[PDB]
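Trainee: Below is the structure I would like to discuss, written out as structure tokens.
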2 protein chains.
Amino acid sequence: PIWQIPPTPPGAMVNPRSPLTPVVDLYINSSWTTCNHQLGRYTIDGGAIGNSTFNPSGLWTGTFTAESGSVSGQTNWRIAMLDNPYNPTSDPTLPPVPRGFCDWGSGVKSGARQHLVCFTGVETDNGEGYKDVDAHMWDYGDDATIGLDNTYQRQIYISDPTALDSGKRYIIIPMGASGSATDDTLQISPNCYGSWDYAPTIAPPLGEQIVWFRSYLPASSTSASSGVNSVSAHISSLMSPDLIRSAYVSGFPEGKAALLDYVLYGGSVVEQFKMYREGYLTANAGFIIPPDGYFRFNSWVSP
Amino acid sequence: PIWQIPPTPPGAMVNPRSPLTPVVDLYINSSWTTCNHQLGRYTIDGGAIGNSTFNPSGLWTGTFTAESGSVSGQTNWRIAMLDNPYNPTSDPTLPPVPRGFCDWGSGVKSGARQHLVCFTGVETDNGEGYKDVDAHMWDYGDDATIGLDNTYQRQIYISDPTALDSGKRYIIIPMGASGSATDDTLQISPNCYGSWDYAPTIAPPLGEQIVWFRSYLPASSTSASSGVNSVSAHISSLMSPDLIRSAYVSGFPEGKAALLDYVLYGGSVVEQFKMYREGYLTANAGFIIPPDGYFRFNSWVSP
Ligand SMILES: CC(=O)N[C@H]1[C@@H](O[C@H]2[C@@H](O)[C@@H](CO)O[C@H](O)[C@@H]2O[C@@H]2O[C@@H](C)[C@@H](O)[C@@H](O)[C@@H]2O)O[C@H](CO)[C@H](O)[C@@H]1O
Ligand SMILES: CC(=O)N[C@H]1[C@@H](O[C@H]2[C@@H](O)[C@@H](CO)O[C@H](O)[C@@H]2O[C@@H]2O[C@@H](C)[C@@H](O)[C@@H](O)[C@@H]2O)O[C@H](CO)[C@H](O)[C@@H]1O
């Protein structure tokens, strides 16, 4: 059975790990030989494994509740707890965090060094919406204990000169990274522990690399005393749903990979890629490929 | 030529007219017998007609430039021009506004009662990104001439108590509607005319209705003397790209429509819709259908 791939350029696809920013390049790096992400992982057989979705934009915004306190030492870091509608009762066999929430990495207990940014507003006391939405810095855990600093839990802390209102609900739309956060710290993701079904960490076969659908993430700061010192950066994914949702019509034959041709201009230059059934695609071998081109189904090869 | 529709529920699809908020219902109304929208227009043959796109979230954010001026009387309304990076030659045969920008209606010669809201922030001095991004009431045109009030051009006005910086670029993320905006004023789209290729206004055959893929839009206001007075509303579309993207394997036979079965409640209940070649769906001759079901291909019928 042959596979028909529509001629959709990579520049017209969604970025699962960072919507609202179009794809700019295809990035291959020789220093990145693993992937422990939770968003953007798909499988031919199992569908959307891990904590991903087929509607990244719909589930990108979340809500949380203040807990009337602050972390020890730093009085500006108000503690708060994420709100999860998909798992009302805290059943250990289901993921704690809401579906589709971000997982960008920040550091092994990193404070002054770097943080992340978001939009945040209190409830309107009317049930209709929110008020006074502005930028703030946030992070997972409390950056004090090793057991829950990078643990992908439902407890976070947010910087605010004033004090949060206890028992009220706030909205979160995370967009930006602050402090000293480079590309490497964002590439890695916080660890996860428990008994729920989370996506494992893959590794490429010896002698191959991985495409990363790289994008560009700009900055958003605040001109005020102790404001938000943030910087521009880049963000990467593994696979977008648009490319892989086509294969469901005719699944991969047992123990077989696909050979793909990427055509840039006319027929002058053609690149050869290999797609596996576990989600990632490889390239034999470090540079950047332009995003204007179309994919082609060549043949089936053995892994 | 058979059509095989994957069992994706409508609750896991994107809303072209308003990303960042999932679809909650399927809405049919007897007072809406036309559609002059510019976002969400798709066809079997021409692909994305009008100003539509297959990546709604990528092109949702825009930018504009201030012009150092104000409308007569209401100085608070500073004029500005949208920035276009696809027709950088102001060619009349190409669309003026950028792809994927908002087209919510707000009324005719009437801005002492209603307005639209957007996240606006000024540029920094390093190219890193934007800064001090906050909510701002905005609208099309200048509310003075009949030919430039609701005309879908690249000139807008934004309310700001302070003075805008001339020649600086600002970012726009439209999210919310304020004042006295109800659902009827948002359903109608601003009129467009000229020489460029725009999408026409369709009408259903007599004896049928339209399914609208409706979604809920919350409110975001500001606590200040001349602050934002936003309201909660609903936003409807015509068709999401996920449903039409599959039909491209085998196009519809000439002069023929399709019958689709909507199966909910474990099959117990099943609805019957008719899908045409232009993009819209028709239901026999007013309520809300739940969003827990999957579409099923029944057969081909004559229109
Ligand atoms: C989260 C918080 O409350 N402060 C950030 C802030 O850094 C602070 C910090 O550097 C202290 C001393 O270390 O001095 C200032 O408060 C500083 O604020 C930042 O630096 C000044 C110069 C301004 O740029 C100000 O706008 C800015 O907020 O950011 C650093 C990043 O290194 C840390 O993240 C602190 O937690
Ligand atoms: C765009 C602008 O500057 N003002 C809006 C505002 O209405 C004004 C208006 O009603 C005038 C007199 O008509 O009186 C106030 O300024 C009023 O402001 C609004 O009402 C007060 C109580 C606050 O809520 C304020 O934040 C709010 O702006 O909204 C109306 C819609 O009714 C128009 O949009 C005006 O242009």
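Residue numbers start at 1 in each chain; chains themselves are named A, B, ... in the order of the structure tokens; ligands are numbered from 1 in the order shown.
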Extract, using only C-alpha atoms, all DNA, RNA and protein residues at most 12 Å from residue 292 in chain B, discarding same-chain residues fewer than 2 positions from it, and format them as a list in words.

Mentor: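 What passes the distance filter is residues 7, 8, 9, 10, 11, 12, 23, 24, 25, 26, 262, 263, 264, 265, 266, 267, 269, 270, 289, 290, 294 and 295 of chain B.
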
Trainee: Should the cut-off be 7 Å, what would the residue list for chain A against chain B look like, counting only C-alpha atoms, as a VMD selection string?

Mentor: chain A and resid 12 to 14 19 to 22 54 to 55 57 to 58 60 128 to 132 134 218 to 223 231 to 232

Trainee: Put chain B on top of chain A with a least-squares fit on all C-alpha atoms, paired in order, and send it back as a compact mmCIF listing (two decimals) with C-alpha atoms, in the first residue's frame.

Mentor:
```
# COMPACT_ATOMS: atom_id res chain seq x y z
CA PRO B 1 -0.05 -0.23 0.96
CA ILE B 2 1.03 3.11 -0.53
CA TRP B 3 1.33 6.37 1.42
CA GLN B 4 0.27 9.61 -0.27
CA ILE B 5 1.55 12.80 1.40
CA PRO B 6 -0.17 16.09 0.49
CA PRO B 7 2.25 18.85 -0.63
CA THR B 8 1.92 21.06 2.46
CA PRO B 9 5.09 23.07 3.21
CA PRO B 10 6.46 22.84 6.77
CA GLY B 11 6.02 26.62 7.05
CA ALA B 12 2.24 26.08 7.16
CA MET B 13 2.22 23.68 10.14
CA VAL B 14 1.59 24.14 13.86
CA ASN B 15 4.35 23.96 16.46
CA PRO B 16 3.12 21.73 19.32
CA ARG B 17 5.56 23.05 21.94
CA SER B 18 4.81 26.73 21.26
CA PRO B 19 1.77 27.87 19.24
CA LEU B 20 1.30 31.57 18.32
CA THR B 21 4.70 31.57 16.54
CA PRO B 22 5.26 29.90 13.15
CA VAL B 23 8.11 27.53 12.37
CA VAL B 24 10.97 29.17 10.48
CA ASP B 25 13.63 26.47 10.03
CA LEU B 26 14.51 22.80 10.26
CA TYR B 27 17.28 22.39 12.83
CA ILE B 28 19.71 19.50 13.33
CA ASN B 29 22.30 19.60 16.13
CA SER B 30 24.98 17.08 17.05
CA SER B 31 24.89 17.78 20.81
CA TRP B 32 21.21 16.77 21.22
CA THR B 33 21.00 12.96 21.25
CA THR B 34 17.85 12.49 23.35
CA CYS B 35 14.30 13.79 23.79
CA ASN B 36 12.30 13.61 27.04
CA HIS B 37 9.54 16.00 25.94
CA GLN B 38 5.88 15.60 26.85
CA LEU B 39 4.30 17.80 24.15
CA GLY B 40 4.53 16.79 20.51
CA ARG B 41 4.74 13.04 21.19
CA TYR B 42 2.80 11.03 18.60
CA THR B 43 2.79 7.42 17.45
CA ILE B 44 1.21 5.37 14.68
CA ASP B 45 -0.59 2.92 16.97
CA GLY B 46 -1.39 4.68 20.25
CA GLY B 47 -2.25 8.08 18.77
CA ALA B 48 -1.37 10.92 21.15
CA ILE B 49 0.87 9.37 23.80
CA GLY B 50 1.90 11.19 26.96
CA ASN B 51 0.26 14.58 27.44
CA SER B 52 -0.06 15.53 23.76
CA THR B 53 -3.20 16.58 21.88
CA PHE B 54 -4.40 17.28 18.34
CA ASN B 55 -5.59 20.81 19.23
CA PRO B 56 -2.54 22.60 20.68
CA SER B 57 -4.15 26.05 20.71
CA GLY B 58 -7.34 24.94 22.46
CA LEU B 59 -5.58 23.69 25.60
CA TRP B 60 -2.74 26.24 25.74
CA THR B 61 -4.36 28.51 28.36
CA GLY B 62 -4.73 27.38 31.96
CA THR B 63 -5.98 28.52 35.34
CA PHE B 64 -4.79 28.18 38.93
CA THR B 65 -5.71 28.98 42.53
CA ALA B 66 -3.72 30.95 45.10
CA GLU B 67 -2.85 29.37 48.44
CA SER B 68 -2.07 32.42 50.64
CA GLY B 69 1.58 31.75 51.38
CA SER B 70 5.18 32.32 50.24
CA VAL B 71 8.52 30.42 49.84
CA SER B 72 11.12 30.77 52.65
CA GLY B 73 13.22 33.96 52.25
CA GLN B 74 11.86 35.22 48.90
CA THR B 75 8.38 36.28 50.12
CA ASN B 76 7.86 37.83 46.66
CA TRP B 77 7.33 34.24 45.45
CA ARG B 78 3.71 33.41 46.23
CA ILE B 79 2.78 29.73 46.02
CA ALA B 80 -0.22 28.46 44.07
CA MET B 81 -1.72 25.26 42.69
CA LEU B 82 -2.75 24.49 39.11
CA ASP B 83 -6.39 23.63 38.43
CA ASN B 84 -7.14 20.32 36.69
CA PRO B 85 -10.45 19.57 35.11
CA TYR B 86 -9.87 15.97 33.86
CA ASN B 87 -8.62 14.21 37.00
CA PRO B 88 -10.86 16.14 39.42
CA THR B 89 -10.29 13.21 41.83
CA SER B 90 -6.48 13.51 42.17
CA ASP B 91 -6.17 9.84 41.01
CA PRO B 92 -2.46 8.82 40.89
CA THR B 93 -2.84 6.83 37.64
CA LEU B 94 -3.98 9.92 35.75
CA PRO B 95 -1.64 12.78 34.76
CA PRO B 96 -1.56 15.56 37.38
CA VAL B 97 -1.20 18.60 35.11
CA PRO B 98 -3.90 19.47 32.53
CA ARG B 99 -3.49 18.42 28.91
CA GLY B 100 -1.41 20.73 26.74
CA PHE B 101 0.18 22.82 29.48
CA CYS B 102 3.73 24.09 29.00
CA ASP B 103 6.77 21.99 29.91
CA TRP B 104 9.74 24.27 29.21
CA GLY B 105 12.74 23.56 31.42
CA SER B 106 14.37 26.20 33.60
CA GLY B 107 17.20 24.34 35.42
CA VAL B 108 17.80 22.43 38.70
CA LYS B 109 17.81 24.25 42.10
CA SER B 110 18.67 27.52 40.24
CA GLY B 111 16.23 30.48 40.30
CA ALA B 112 18.54 33.34 41.34
CA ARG B 113 19.60 33.53 37.67
CA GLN B 114 16.66 32.45 35.42
CA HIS B 115 12.81 32.16 35.38
CA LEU B 116 9.80 31.82 33.00
CA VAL B 117 7.14 34.49 32.12
CA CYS B 118 3.31 34.20 31.77
CA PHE B 119 0.22 36.46 31.37
CA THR B 120 -1.58 36.39 34.75
CA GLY B 121 -4.88 38.14 35.59
CA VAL B 122 -7.31 37.96 38.56
CA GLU B 123 -11.02 36.90 38.33
CA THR B 124 -13.94 39.41 38.28
CA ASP B 125 -17.10 39.42 40.46
CA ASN B 126 -19.74 38.28 37.88
CA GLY B 127 -18.15 35.25 36.13
CA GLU B 128 -17.91 37.41 32.96
CA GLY B 129 -14.14 36.66 32.79
CA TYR B 130 -10.71 37.78 34.10
CA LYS B 131 -9.36 41.34 34.58
CA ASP B 132 -6.04 43.29 34.83
CA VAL B 133 -4.04 40.58 32.96
CA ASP B 134 -0.26 41.36 32.92
CA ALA B 135 3.18 39.65 32.56
CA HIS B 136 4.47 37.72 35.64
CA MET B 137 7.63 35.64 36.31
CA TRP B 138 6.69 32.06 37.39
CA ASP B 139 8.24 28.58 37.97
CA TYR B 140 7.51 24.98 39.07
CA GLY B 141 7.68 23.82 42.67
CA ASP B 142 9.28 25.84 45.46
CA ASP B 143 13.04 25.69 44.71
CA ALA B 144 13.64 24.06 48.10
CA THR B 145 13.49 20.26 47.86
CA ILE B 146 15.18 18.10 45.24
CA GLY B 147 12.02 16.06 44.64
CA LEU B 148 9.78 19.07 43.98
CA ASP B 149 11.95 21.64 42.14
CA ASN B 150 11.61 20.47 38.52
CA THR B 151 9.07 17.67 38.91
CA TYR B 152 6.15 18.61 36.58
CA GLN B 153 3.53 18.69 39.34
CA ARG B 154 0.52 20.93 39.96
CA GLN B 155 2.30 23.28 42.39
CA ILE B 156 3.94 26.48 41.12
CA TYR B 157 5.13 29.84 42.43
CA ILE B 158 4.62 33.28 40.89
CA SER B 159 6.39 36.57 41.65
CA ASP B 160 4.23 39.57 42.60
CA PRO B 161 5.26 42.59 44.71
CA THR B 162 1.74 42.88 46.16
CA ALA B 163 -0.19 40.17 48.03
CA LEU B 164 -2.22 37.50 46.26
CA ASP B 165 -5.91 37.08 47.02
CA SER B 166 -6.54 33.76 48.78
CA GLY B 167 -9.04 31.39 47.19
CA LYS B 168 -9.41 33.35 43.93
CA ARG B 169 -8.84 31.86 40.48
CA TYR B 170 -6.29 33.30 38.06
CA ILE B 171 -5.63 32.76 34.35
CA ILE B 172 -2.27 31.72 32.91
CA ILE B 173 -1.06 32.13 29.31
CA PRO B 174 2.67 31.21 29.22
CA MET B 175 4.51 33.31 26.60
CA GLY B 176 8.22 34.00 27.03
CA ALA B 177 11.24 33.19 29.16
CA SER B 178 13.27 35.61 31.28
CA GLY B 179 16.50 35.86 33.23
CA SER B 180 19.49 33.88 31.94
CA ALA B 181 17.53 31.28 29.95
CA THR B 182 19.38 30.04 26.88
CA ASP B 183 18.24 27.46 24.32
CA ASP B 184 19.90 24.53 26.13
CA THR B 185 17.94 25.08 29.35
CA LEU B 186 14.67 25.32 27.40
CA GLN B 187 15.40 22.15 25.40
CA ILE B 188 15.63 19.97 28.51
CA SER B 189 12.25 19.16 30.07
CA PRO B 190 11.47 18.93 33.80
CA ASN B 191 11.79 15.41 35.14
CA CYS B 192 8.63 13.43 35.92
CA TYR B 193 8.09 10.25 37.93
CA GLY B 194 5.26 8.44 39.67
CA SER B 195 2.73 5.80 38.66
CA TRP B 196 0.82 7.52 35.85
CA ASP B 197 1.54 6.74 32.19
CA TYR B 198 4.14 9.21 30.95
CA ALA B 199 6.07 9.23 27.69
CA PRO B 200 9.54 7.62 27.85
CA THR B 201 12.80 9.17 26.69
CA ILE B 202 13.81 8.02 23.20
CA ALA B 203 17.29 7.82 21.68
CA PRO B 204 18.23 7.72 17.98
CA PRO B 205 20.19 4.84 16.45
CA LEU B 206 23.92 5.39 16.20
CA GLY B 207 24.93 7.34 13.11
CA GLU B 208 21.86 9.57 12.75
CA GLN B 209 20.51 12.95 13.89
CA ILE B 210 17.04 14.42 14.50
CA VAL B 211 15.11 17.20 12.75
CA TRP B 212 13.57 19.52 15.32
CA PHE B 213 11.09 21.95 13.64
CA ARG B 214 12.57 25.00 15.32
CA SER B 215 10.88 28.38 15.78
CA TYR B 216 11.74 31.84 17.10
CA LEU B 217 10.48 33.13 20.46
CA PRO B 218 10.52 36.93 21.01
CA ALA B 219 10.81 38.83 24.30
CA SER B 220 8.33 40.74 26.47
CA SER B 221 9.60 42.69 29.48
CA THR B 222 8.35 45.27 32.01
CA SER B 223 9.73 48.76 32.83
CA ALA B 224 9.84 48.76 36.69
CA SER B 225 12.37 48.55 39.59
CA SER B 226 11.64 44.82 40.17
CA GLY B 227 10.40 44.40 36.55
CA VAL B 228 10.65 41.44 34.11
CA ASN B 229 14.07 40.83 32.44
CA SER B 230 12.98 38.60 29.50
CA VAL B 231 15.24 37.43 26.59
CA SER B 232 14.77 36.21 22.97
CA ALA B 233 15.24 32.47 22.32
CA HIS B 234 14.33 29.52 20.09
CA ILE B 235 12.00 26.57 20.70
CA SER B 236 12.13 23.17 19.01
CA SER B 237 9.69 20.26 18.82
CA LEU B 238 9.68 16.67 17.58
CA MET B 239 6.82 16.37 15.08
CA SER B 240 3.72 18.35 14.17
CA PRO B 241 0.37 16.51 13.96
CA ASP B 242 -0.13 17.50 10.31
CA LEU B 243 2.59 15.14 9.07
CA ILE B 244 1.41 12.10 11.04
CA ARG B 245 -2.30 12.62 10.67
CA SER B 246 -2.22 11.22 7.14
CA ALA B 247 -0.40 7.99 7.81
CA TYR B 248 -3.52 6.68 9.59
CA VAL B 249 -5.22 5.66 6.33
CA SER B 250 -2.71 2.80 5.90
CA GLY B 251 -0.40 2.07 8.82
CA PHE B 252 3.23 1.12 8.38
CA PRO B 253 3.89 -2.59 7.82
CA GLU B 254 5.31 -4.30 10.89
CA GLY B 255 9.04 -3.70 11.43
CA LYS B 256 9.53 -1.19 8.62
CA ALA B 257 10.46 2.48 8.21
CA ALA B 258 9.81 4.94 5.39
CA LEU B 259 12.10 6.99 3.15
CA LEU B 260 10.96 10.56 2.50
CA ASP B 261 12.25 13.03 -0.09
CA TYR B 262 12.33 16.72 0.81
CA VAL B 263 12.14 18.67 -2.46
CA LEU B 264 13.09 22.33 -2.49
CA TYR B 265 14.35 24.82 -5.11
CA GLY B 266 11.93 23.70 -7.85
CA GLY B 267 13.32 20.15 -7.49
CA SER B 268 16.95 21.12 -8.25
CA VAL B 269 17.89 20.17 -4.63
CA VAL B 270 16.27 17.16 -2.82
CA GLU B 271 17.07 15.87 0.73
CA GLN B 272 16.59 12.25 1.97
CA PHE B 273 15.16 11.55 5.45
CA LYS B 274 14.11 8.33 7.18
CA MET B 275 10.92 8.24 9.26
CA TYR B 276 10.49 5.61 11.97
CA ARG B 277 7.46 4.12 13.70
CA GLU B 278 7.98 5.99 17.00
CA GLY B 279 7.44 9.54 15.73
CA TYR B 280 10.89 11.01 15.09
CA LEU B 281 12.83 11.53 11.83
CA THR B 282 16.52 10.67 11.24
CA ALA B 283 19.08 12.33 8.95
CA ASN B 284 22.46 10.73 8.04
CA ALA B 285 25.40 12.10 10.03
CA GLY B 286 24.61 19.99 11.55
CA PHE B 287 22.93 23.01 9.90
CA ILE B 288 19.54 24.58 9.04
CA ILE B 289 17.27 23.46 6.13
CA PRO B 290 14.92 26.15 4.64
CA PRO B 291 11.15 25.91 5.12
CA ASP B 292 10.12 26.12 1.39
CA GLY B 293 9.48 22.60 0.17
CA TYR B 294 7.19 19.59 0.29
CA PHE B 295 7.66 16.00 1.44
CA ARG B 296 7.54 13.09 -1.00
CA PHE B 297 7.08 9.38 -0.34
CA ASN B 298 9.93 7.32 -1.80
CA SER B 299 9.69 3.72 -0.54
CA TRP B 300 9.83 1.42 2.48
CA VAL B 301 13.15 0.32 3.99
CA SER B 302 14.16 -1.88 6.91
CA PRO B 303 15.38 -0.19 10.13
```

Trainee: Could you please write out, as a ChimeraX atom specification, every residue of range 171-220 of chain A that DSSP assigns to strand (DSSP E)?

Mentor: /A:171-172,177-179,208-210,215-217,219-220
